[PDB]
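Heavy-atom basis, side chains included; hydrogens, waters and symmetry copies ignored. Below, chain A is the first sequence line, B the second, and so on; all start at residue 1.
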2 protein chains.
Amino acid sequence: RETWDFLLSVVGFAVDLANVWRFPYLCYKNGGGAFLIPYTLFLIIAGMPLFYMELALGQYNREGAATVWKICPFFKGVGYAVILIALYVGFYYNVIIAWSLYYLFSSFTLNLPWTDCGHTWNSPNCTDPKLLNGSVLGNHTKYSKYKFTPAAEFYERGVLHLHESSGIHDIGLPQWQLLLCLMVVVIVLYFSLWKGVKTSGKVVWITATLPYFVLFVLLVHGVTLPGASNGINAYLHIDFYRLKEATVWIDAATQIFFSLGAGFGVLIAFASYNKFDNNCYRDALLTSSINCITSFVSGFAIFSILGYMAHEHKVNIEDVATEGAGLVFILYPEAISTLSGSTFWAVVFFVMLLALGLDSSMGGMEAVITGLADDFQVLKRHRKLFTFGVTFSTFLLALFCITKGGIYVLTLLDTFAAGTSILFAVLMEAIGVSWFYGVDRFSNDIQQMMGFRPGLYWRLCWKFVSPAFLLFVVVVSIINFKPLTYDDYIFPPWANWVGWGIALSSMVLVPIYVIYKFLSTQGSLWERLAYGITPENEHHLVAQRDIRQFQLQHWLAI
Amino acid sequence: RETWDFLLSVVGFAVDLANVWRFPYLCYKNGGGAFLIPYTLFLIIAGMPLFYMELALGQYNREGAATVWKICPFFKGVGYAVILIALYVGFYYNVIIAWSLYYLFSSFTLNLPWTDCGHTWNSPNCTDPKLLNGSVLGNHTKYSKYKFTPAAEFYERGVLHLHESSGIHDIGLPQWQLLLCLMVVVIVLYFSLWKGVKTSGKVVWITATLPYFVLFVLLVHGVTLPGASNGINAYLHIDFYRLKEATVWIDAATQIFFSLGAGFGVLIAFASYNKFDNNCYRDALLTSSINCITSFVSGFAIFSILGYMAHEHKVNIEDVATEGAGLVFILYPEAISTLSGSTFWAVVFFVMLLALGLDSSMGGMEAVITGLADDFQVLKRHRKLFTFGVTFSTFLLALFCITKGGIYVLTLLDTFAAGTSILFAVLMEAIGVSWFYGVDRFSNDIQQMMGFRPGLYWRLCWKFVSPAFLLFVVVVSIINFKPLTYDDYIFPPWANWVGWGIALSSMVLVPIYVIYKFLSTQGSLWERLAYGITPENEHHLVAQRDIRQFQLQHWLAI
Ligand SMILES: CCCCCCCCCC(=O)O[C@H](COC(=O)CCCCCCCC)COP(=O)(O)OC[C@@H](O)CO
Ligand SMILES: CCCCCCCCCC(=O)O[C@H](COC(=O)CCCCCCCC)COP(=O)(O)OC[C@@H](O)CO
Ligand SMILES: N#Cc1ccc2[nH]cc(CCCCN3CCN(c4ccc5oc(C(N)=O)cc5c4)CC3)c2c1
Ligand SMILES: N#Cc1ccc2[nH]cc(CCCCN3CCN(c4ccc5oc(C(N)=O)cc5c4)CC3)c2c1
Ligand SMILES: CC(C)CCC[C@@H](C)[C@H]1CC[C@H]2[C@@H]3CC=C4C[C@@H](O)CC[C@]4(C)[C@H]3CC[C@]12C
Ligand SMILES: CC(C)CCC[C@@H](C)[C@H]1CC[C@H]2[C@@H]3CC=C4C[C@@H](O)CC[C@]4(C)[C@H]3CC[C@]12C
Ligand SMILES: CC(C)CCC[C@@H](C)[C@H]1CC[C@H]2[C@@H]3CC=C4C[C@@H](O)CC[C@]4(C)[C@H]3CC[C@]12C
Ligand SMILES: CC(C)CCC[C@@H](C)[C@H]1CC[C@H]2[C@@H]3CC=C4C[C@@H](O)CC[C@]4(C)[C@H]3CC[C@]12C
Ligand SMILES: CC(C)CCC[C@@H](C)[C@H]1CC[C@H]2[C@@H]3CC=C4C[C@@H](O)CC[C@]4(C)[C@H]3CC[C@]12C
Ligand SMILES: CC(C)CCC[C@@H](C)[C@H]1CC[C@H]2[C@@H]3CC=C4C[C@@H](O)CC[C@]4(C)[C@H]3CC[C@]12C
Ligand SMILES: CC(C)CCC[C@@H](C)[C@H]1CC[C@H]2[C@@H]3CC=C4C[C@@H](O)CC[C@]4(C)[C@H]3CC[C@]12C
Ligand SMILES: CC(C)CCC[C@@H](C)[C@H]1CC[C@H]2[C@@H]3CC=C4C[C@@H](O)CC[C@]4(C)[C@H]3CC[C@]12C
Ligand SMILES: CC(C)CCC[C@@H](C)[C@H]1CC[C@H]2[C@@H]3CC=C4C[C@@H](O)CC[C@]4(C)[C@H]3CC[C@]12C
Ligand SMILES: CC(C)CCC[C@@H](C)[C@H]1CC[C@H]2[C@@H]3CC=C4C[C@@H](O)CC[C@]4(C)[C@H]3CC[C@]12C
Ligand SMILES: CC(C)CCC[C@@H](C)[C@H]1CC[C@H]2[C@@H]3CC=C4C[C@@H](O)CC[C@]4(C)[C@H]3CC[C@]12C
Ligand SMILES: CC(C)CCC[C@@H](C)[C@H]1CC[C@H]2[C@@H]3CC=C4C[C@@H](O)CC[C@]4(C)[C@H]3CC[C@]12C
Ligand SMILES: CC(C)CCC[C@@H](C)[C@H]1CC[C@H]2[C@@H]3CC=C4C[C@@H](O)CC[C@]4(C)[C@H]3CC[C@]12C
Ligand SMILES: CC(C)CCC[C@@H](C)[C@H]1CC[C@H]2[C@@H]3CC=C4C[C@@H](O)CC[C@]4(C)[C@H]3CC[C@]12C
Ligand SMILES: CC(C)CCC[C@@H](C)[C@H]1CC[C@H]2[C@@H]3CC=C4C[C@@H](O)CC[C@]4(C)[C@H]3CC[C@]12C
Ligand SMILES: CC(C)CCC[C@@H](C)[C@H]1CC[C@H]2[C@@H]3CC=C4C[C@@H](O)CC[C@]4(C)[C@H]3CC[C@]12C
């Protein structure tokens with residue numbers, strides 16, 4: 001097996017599409033710091049421990065996301081589910097890239113399209129804050145999401161053409177610009193994964209340095225804006241009534257698992273190609289810290305831009321922009337237009353966005369391919385044809401999201417395909433590793449790898465804290481489910497049913513695989529359970545009947 | 001390899017769902033005998049020769065629909081395409097079975113639902129021909145498909161609930177009755193195919209004798225009906241202006257390939273499990289003759305019932321009923337209601353219909369499984385799990401057809417997924433067998449199998465007549481494509497585009513596989529072509545450069 005070298009003090013999981021695209025609007029939806037508090041809370045007790053656990057497991061088992069369950073086959077279906085979940089996000093992650101690519105084609109012009117009105121895609125209700133005599137902002141200002149801004153009009157009508165679709169029931173025909181963009185994206189992804197997984201300097205060298213510089217420049221220019229004070233005050237304000245709710249915690253947990261890459265198989269695949277003596281402890285600590293800092297500064301800049309647009313458009317910060325997946329493509333272009341030499345900064349920004357998106361998609365596809373090739377070794381000899389199959393099936397399923405109303409399907413996937421299912425997957429993983437496999441054996445493996453055992457804090461998190469919190473958030477997501485909306489359009493009940501069915505398609509993979517393993521094994525019921533709970537490399541112990549999982553000392557070991 | 005025994009003088013391909021369900025409405029659409037003439041024409045020169053060719057190939061190669069191209073790998077993709085085409089019909093063939101199953105649940109009642117009006121599913125516009133004082137048949141009789149008949153109302157509103165769907169753009173939610181029916185159908189199909197392919201007496205013993213008796217009784221009762229004369233005259237009338245058209249020939253060719261099972265891989269799989277000394281000549285002759293006779297008598301009875309309903313409802317025969325896939329479920333129940341003891345005859349009829357449908361679906365699924373297991377031998381050791389995968393994927397894709405507007409998707413599949421693609425597949429097969437592989441080698445194989453060479457007629461058909469006619473019908477289908485309609489609703493252009501894309505998904509499998517084989521082989525371009533045109537068991541000849549396909553004598557051999 002090959003070993004990846006090209007690894008700075010902080011892995012690439014710190015800066016990704018989740019922190020630059022998902023975290024902004026996920027935080028803007030849940031007020032201000034009222035989303036930051038649960039974010040850091042689930043990061044210190046759930047996110048970082050599960051990150052460390054997945055990294056250590058991938059480094060010790062030297063296997064993919066699915067095969068690492070050779071120590072406990074009854075949870076191997078979990079290794080499938082997360083992979084499918086990864087594929088799920090691949091249905092809309094590549095589309096986002098396409099969006100940036102389109103913005104790239106809009107960045108080479110001397111006059112940015114999102115600067116003013118008067119274009120073909122713009123509607124008659126287009127309010128230019130810079131110069132507009134017909135602007136009656138002082139009046140007829142509906143208390144709702146302001147879509148009559150040049151950036152929002154260019155996003156929904158020029159890029160997505162949402163005005164040609166009434167809802168999810170009538171998506172229409174896929175836009176040909178987005179079609180060609182997605183084709184280019186999947187071609188680039190195929191030409192980067194077919195000949196094995198190389199260092200891929202093209203995207204790594206960028207994502208290592210350029211996103212930090214771009215975020216720094218954006219924050220420095222935003223704090224100097226006239227409306228920065230209101231946005232800063234809104235971002236630093238703590239709304240305890242939102243903490244009293246339940247959706248904020250679910251969103252924080254989902255954003256944690258998105259930014260840290262836990263629950264998709266990317267961490268396991270990454271650790272499988274690392275050195276056996278690599279210290280995942282310091283790596284996980286630095287990754288979590290830098291990811292938290294990056295999310296904090298990204299939300300700070302986002303709220304600064306929101307306050308600026310609120311001061312310019314004379315609208316409330318709550319209703320100045322949207323709360324969907326296209327919030328950054330409306331806020332950041334407006335801030336770039338204010339920058340001197342908007343063309344160069346826009347080009348650099350959308351080039352950064354493309355690099356982060358391609359990096360995330362490449363990591364996800366590599367995780368999926370590694371899992372399915374470790375499960376079926378034949379795919380290791382046909383990686384090119386296999387890579388084509390994944391990228392092509394992905395294109396056929398990403399066509400729904402590039403349609404005239406594909407943003408609704410994208411939101412449906414981001415809310416149901418990822419969410420309330422990844423939490424269950426990571427919960428089952430933690431239960432299988434700490435309780436079924438044993439937290440003591442995991443600590444012994446970590447000691448064999450790095451030379452030292454984790455502290456009691458990590459053990460209590462892997463065994464008690466994180467599983468309990470995951471079960472709690474899963475229960476509170478199931479009992480307190482809320483209807484999905486694009487902040488102006490309420491999804492129909494059958495759309496929610498389809499989303500729940502898509503989530504169950506990955507959730508039920510664990511009991512189905514349990515039943516399959518129970519029926520595929522030969523012997524008594526107790527012998528089948530022993531075969532399903534003992535490692536595949538120690539099945540001879542089942543012949544000796546010395547199964548530690550059938551002893552109370554195993555379950556009472558911390 | 002196992003060998004099937006349970007084979008009467010005429011194989012089960014004579015009486016099938018195509019002759020009892022597809023042929024009736026396909027002939028009623030194309031006038032009367034104006035559809036019979038091209039049917040027999042394509043049967044004597046295209047249908048029977050290709051039937052004999054596929055039977056002999058399956059009996060000689062002892063392989064599935066795809067692997068029989070071991071003599072010419074460049075056409076092996078064709079063996080895939082037909083299999084996919086089979087799967088295509090499996091998307092709507094099982095649904096038809098479900099329909100009959102629902103009718104079975106409607107057959108145990110003492111009062112048939114399709115006898116009169118006054119039910120929940122019936123609309124206010126329900127005209128009972130038996131007794132109705134409000135019947136003003138003498139007036140307000142729109143010159144269109146009469147849907148205000150009890151049988152049609154029970155079919156479209158009681159079974160399909162078509163009134164709740166405006167078109168293909170809004171299919172709605174799948175009906176739960178049809179859902180349970182399709183679940184029962186796929187369960188029965190899985191429990192009949194998992195433990196290998198047995199004789200399956202349950203459906204074979206029925207389909208051998210019961211359909212003939214039921215058709216005989218129906219014809220005898222129909223010829224005695226008062227309106228039988230008009231229907232007989234319409235069926236025996238030859239409309240030459242329809243022969244001057246092009247759609248009639250396409251429909252006749254599609255019905256021939258449906259009734260004979262050519263173009264789906266069922267014939268190859270059937271012949272692969274037969275004795276090596278089995279005479280496919282007499283079998284093909286008797287099969288074609290009995291299939292033609294069965295189609296003729298079925299159309300005769302159908303036109304008799306149409307004339308009866310025209311006499312009762314006082315409507316023209318052209319507009320007395322529909323021309324869709326639900327014509328038999330409207331005509332035959334009306335004739336059964338006139339029979340003495342309608343309950344028993346209805347039960348026997350829908351039991352026959354279920355047997356034929358299950359037999360056709362079992363043959364198609366067995367062909368698909370045999371092809372995919374001969375291509376990948378590993379599936380021979382996991383036939384149960386594989387059978388589940390085919391049946392389940394089939395259920396997930398048949399859900400579109402059991403919806404409130406699933407009849408539109410069913411018609412789309414029956415018109416595009418099967419049609420203009422199966423003709424291209426059988427054309428490529430005939431070209432690869434007669435020209436690339438060699439008609440002389442095929443005749444030598446038939447002589448080795450049966451002890452005698454086919455006549456010059458069969459050679460000229462396999463090499464000249466049938467390929468030319470297939471190319472002609474393919475060209476006339478491509479250049480003279482007509483928009484699809486349910487005789488009252490015109491499908492939108494994007495529906496036709498999706499249908500053409502589904503057809504191309506199977507059509508382009510041949511050039512894609514050609515490119516794949518060319519790129520996967522190592523050597524010069526001429527050596528790659530030689531490897532792609534010579535049999536896999538004679539590739540050593542490529543080393544000796546004595547390839548007969550590179551000689552003019554091979555192409556000029558009859
Ligand atoms: C909502 C429907 C789920 C139906 C799907 C239900 C079959 C259950 C078989 C099953 O669980 O066997 C697995 C292998 O599974 C696979 O292949 C890929 C399966 C991907 C299909 C999931 C599609 C979900 C939308 C595990 O097989 P294994 O025995 O652990 O290993 C096989 C071989 O690699 C050993 O080296
Ligand atoms: C509209 C998209 C077509 C994309 C699909 C394009 C790949 C092309 C590979 C290809 O053509 O390899 C085939 C094997 O193919 C398969 O697997 C099943 C393929 C089924 C996918 C078709 C889905 C169509 C809706 C033939 O492989 P082989 O080299 O002849 O034999 C493999 C092994 O069985 C040898 O014993
Ligand atoms: N879908 C999805 C999804 C969802 C939520 C997510 N959060 C985070 C992600 C993934 C983002 C990180 C991707 N990694 C993988 C690629 N990269 C890397 C570095 C050095 C290397 O070196 C070699 C070599 N020597 O071959 C190869 C090689 C590769 C580092 C970054 C994600 C993805
Ligand atoms: N999809 C589709 C589709 C489309 C268009 C079509 N036209 C025609 C068809 C198929 C209808 C015929 C199916 N055959 C296969 C099953 N049967 C049979 C007889 C004796 C046997 O004996 C054994 C044993 N000893 O194991 C096993 C066994 C099986 C004979 C009938 C079709 C299908
Ligand atoms: C089926 C699995 C294995 C692969 C595909 C998964 C995703 C891409 C599928 C699963 C269910 C699908 C949805 C099911 C139904 C609808 C409603 C329709 O009016 C628009 C498309 C839409 C919204 C589909 C979009 C694509 C979708 C979300
Ligand atoms: C079926 C899959 C595998 C391949 C085909 C994908 C389909 C969905 C895609 C591929 C190319 C696309 C077309 C490309 C360009 C145009 C022109 C535009 O003015 C209307 C939409 C239209 C007509 C698109 C419709 C959707 C389309 C046909
Ligand atoms: C429908 C469209 C998008 C299909 C893809 C078309 C383009 C992108 C394809 C068609 C043929 C392809 C080329 C075929 C062969 C090679 C040689 C290989 O060593 C590197 C890639 C390279 C150079 C490919 C690059 C991508 C390519 C140019
Ligand atoms: C165990 C290995 C070494 C040999 C056996 C190879 C077989 C079992 C492997 C290799 C190719 C694989 C398939 C490739 C493609 C698909 C389509 C999609 O639905 C994902 C799973 C599925 C259905 C895979 C299932 C497992 C598979 C059939
Ligand atoms: C969704 C549809 C349209 C496309 C599906 C593409 C994927 C799932 C399919 C298409 C062709 C398939 C490949 C065909 C043949 C082989 C060679 C065999 O030795 C291992 C499996 C492997 C490598 C298959 C893996 C799965 C595969 C890549
Ligand atoms: C619409 C989107 C999904 C189309 C994507 C097409 C991609 C996946 C296809 C189109 C043509 C293909 C190439 C055609 C030929 C070759 C040369 C061969 O020696 C290696 C593979 C390679 C380089 C193929 C790689 C995959 C490829 C680039
Ligand atoms: C083989 C699998 C992976 C393919 C999955 C993708 C298929 C099911 C998707 C991809 C894009 C989709 C199309 C996108 C847009 C339209 C136009 C709309 O007015 C009717 C539906 C139609 C025509 C869709 C039909 C289904 C479709 C072709
Ligand atoms: C998705 C629907 C069908 C729900 C049921 C899914 C699960 C429970 C079913 C579907 C198909 C089933 C498998 C079908 C056939 C076999 C082979 C047999 O030798 C052992 C049991 C085994 C391996 C079954 C185990 C259970 C199974 C995996
Ligand atoms: C994609 C392949 C491999 C498997 C599925 C094939 C069949 C079942 C698919 C392919 C394209 C599909 C159609 C694409 C688009 C539409 C329009 C939508 O308004 C209703 C469903 C409908 C009419 C789909 C029905 C199912 C369909 C016909
Ligand atoms: C996603 C696949 C694999 C499994 C689920 C299939 C879906 C499409 C099926 C399975 C069961 C179905 C439901 C069964 C019964 C009812 C009640 C009826 O009054 C309205 C429709 C409704 C609510 C159906 C909607 C469609 C449904 C949810
Ligand atoms: C969602 C529904 C339709 C799933 C299927 C449920 C029913 C039909 C399933 C569930 C469990 C199944 C049984 C499980 C095991 C066996 C033993 C085997 O030797 C014969 C079949 C038999 C007896 C199965 C028959 C079908 C069965 C009863
Ligand atoms: C050559 C044999 C002996 C060993 C290799 C087994 C592999 C290559 C076989 C066995 C299982 C197969 C897959 C099973 C399921 C699917 C899903 C569907 O899209 C049809 C093809 C596809 C994708 C098959 C492709 C080929 C496959 C992956
Ligand atoms: C469409 C989706 C929902 C379901 C797809 C089901 C089919 C394509 C998949 C699901 C599970 C798969 C099987 C999983 C594992 C094995 C064992 C391996 O040694 C040969 C292939 C085989 C037997 C696979 C064949 C293809 C398979 C049956
Ligand atoms: C909605 C439809 C598709 C559901 C169909 C479910 C079918 C395919 C599933 C459900 C439960 C399954 C059964 C569960 C358990 C067993 C016992 C095992 O020893 C052999 C397989 C067998 C008998 C399975 C066969 C397949 C099965 C019957
Ligand atoms: C994995 C593959 C084989 C699955 C293919 C089947 C999927 C794509 C089909 C089967 C039945 C379909 C559903 C049937 C009916 C409805 C209700 C409608 O108002 C919106 C779309 C929706 C919710 C469909 C979504 C797509 C669907 C779930
Ligand atoms: C469906 C779209 C992508 C159109 C292109 C399809 C065909 C022409 C493409 C798609 C993927 C391609 C394959 C991808 C990778 C390889 C492996 C390489 O060692 C030989 C060529 C081969 C086997 C390619 C042959 C051409 C190929 C099969």
Side-chain angles (χ1 to χ4, degrees), chain A residues 187 190 194 381-382 384-389 391-393 396, chain B residues 50 53-54 57 61 63-88 262-265 268 368 371-372 374-376 417 420-439 441-442 462-463 466-468 470-471 474-475 478 500-539 541-542 545 547-551 554-555:
Chain A
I187 285 180
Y190 171 77
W194 64 324
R381 299 188 301 270
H382 302 271
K384 295 181 178 59
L385 199 34
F386 182 35
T387 300
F388 150 80
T391 55
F392 182 79
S393 61
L396 290 185
Chain B
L50 292 185
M53 184 189 67
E54 294 187 15
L57 195 68
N61 292 339
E63 291 291 338
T67 35
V68 284
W69 291 109
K70 57 182 179 181
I71 56 185
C72 186
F74 272 167
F75 288 87
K76 188 174 177 181
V78 184
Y80 296 151
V82 287
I83 287 180
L84 182 59
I85 295 179
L87 187 60
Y88 282 163
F264 304 95
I268 302 180
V368 173
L372 296 183
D374 297 2
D375 191 11
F376 305 96
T420 299
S421 178
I422 173 180
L423 303 180
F424 175 79
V426 300
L427 172 60
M428 295 295 102
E429 176 180 3
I431 292 300
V433 169
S434 299
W435 299 85
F436 285 84
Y437 171 68
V439 59
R441 297 182 60 90
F442 198 75
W462 296 338
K463 190 175 182 61
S466 299
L470 289 173
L471 180 61
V474 164
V475 169
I478 290 181
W500 276 102
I502 292 179
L504 289 180
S505 301
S506 57
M507 289 181 61
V508 309
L509 293 183
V510 192
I512 290 181
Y513 191 87
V514 164
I515 297 179
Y516 168 78
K517 224 292 180 300
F518 183 81
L519 295 180
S520 300
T521 47
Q522 306 295 148
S524 59
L525 186 144
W526 205 258
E527 183 178 1
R528 293 179 179 180
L529 264 59
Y531 276 145
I533 66 186
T534 52
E536 300 180 0
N537 58 275
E538 296 179 1
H539 280 349
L541 300 180
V542 186
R545 307 307 304 178
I547 290 88
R548 57 178 300 173
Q549 288 76 10
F550 291 143
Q551 302 178 0
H554 177 66
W555 307 96

Find the distance between [atom1] ([X]) and [atom2] ([Y]) and round it off to the nearest 0.5 Å.
{"X": "B:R548", "Y": "B:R441", "atom1": "CZ", "atom2": "CZ", "value": "5.5 Å"}
{"X": "B:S434", "Y": "B:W462", "atom1": "OG", "atom2": "CH2", "value": "8.0 Å"}
{"X": "B:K517", "Y": "B:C72", "atom1": "NZ", "atom2": "SG", "value": "10.5 Å"}
{"X": "B:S421", "Y": "B:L509", "atom1": "OG", "atom2": "CG", "value": "8.0 Å"}
{"X": "A:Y190", "Y": "A:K384", "atom1": "OH", "atom2": "NZ", "value": "7.5 Å"}

Among B:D374, B:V68, B:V82, B:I83, side chain to side chain contact (heavy atoms under 4.5 Å, CB included) partner for B:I268
B:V68
Any side-chain heavy-atom pair from [X] and [Y] closer than 4.5 angstrom?
{"X": "B:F75", "Y": "B:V433", "answer": "no"}
{"X": "B:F264", "Y": "B:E54", "answer": "no"}
{"X": "B:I547", "Y": "B:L529", "answer": "no"}
{"X": "B:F518", "Y": "B:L525", "answer": "yes"}
{"X": "B:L427", "Y": "B:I431", "answer": "yes"}
{"X": "B:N61", "Y": "B:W69", "answer": "no"}
{"X": "B:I533", "Y": "B:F550", "answer": "yes"}
{"X": "B:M53", "Y": "B:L50", "answer": "yes"}

Please report the closest heavy-atom contact between [X] and [Y], naming both atoms and the distance.
{"X": "B:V542", "Y": "B:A530", "answer": "CG1-CB, 3.8 Å"}
{"X": "B:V78", "Y": "B:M428", "answer": "CG2-CB, 3.9 Å"}
{"X": "B:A430", "Y": "B:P467", "answer": "CB-CG, 4.2 Å"}
{"X": "B:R528", "Y": "B:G523", "answer": "NE-O, 3.0 Å"}
{"X": "B:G438", "Y": "B:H554", "answer": "CA-CE1, 3.5 Å"}
{"X": "B:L84", "Y": "B:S505", "answer": "CD2-O, 4.1 Å"}

Using a strict cut-off of less than 4.0 Å between a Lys/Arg side-chain nitrogen and an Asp/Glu carboxylate oxygen, indicate whether B:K76 and B:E63 qualify as a salt bridge.
no
Hey, would you say the B:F436 and B:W555 ring centroids sit under 6.0 Å apart?
yes
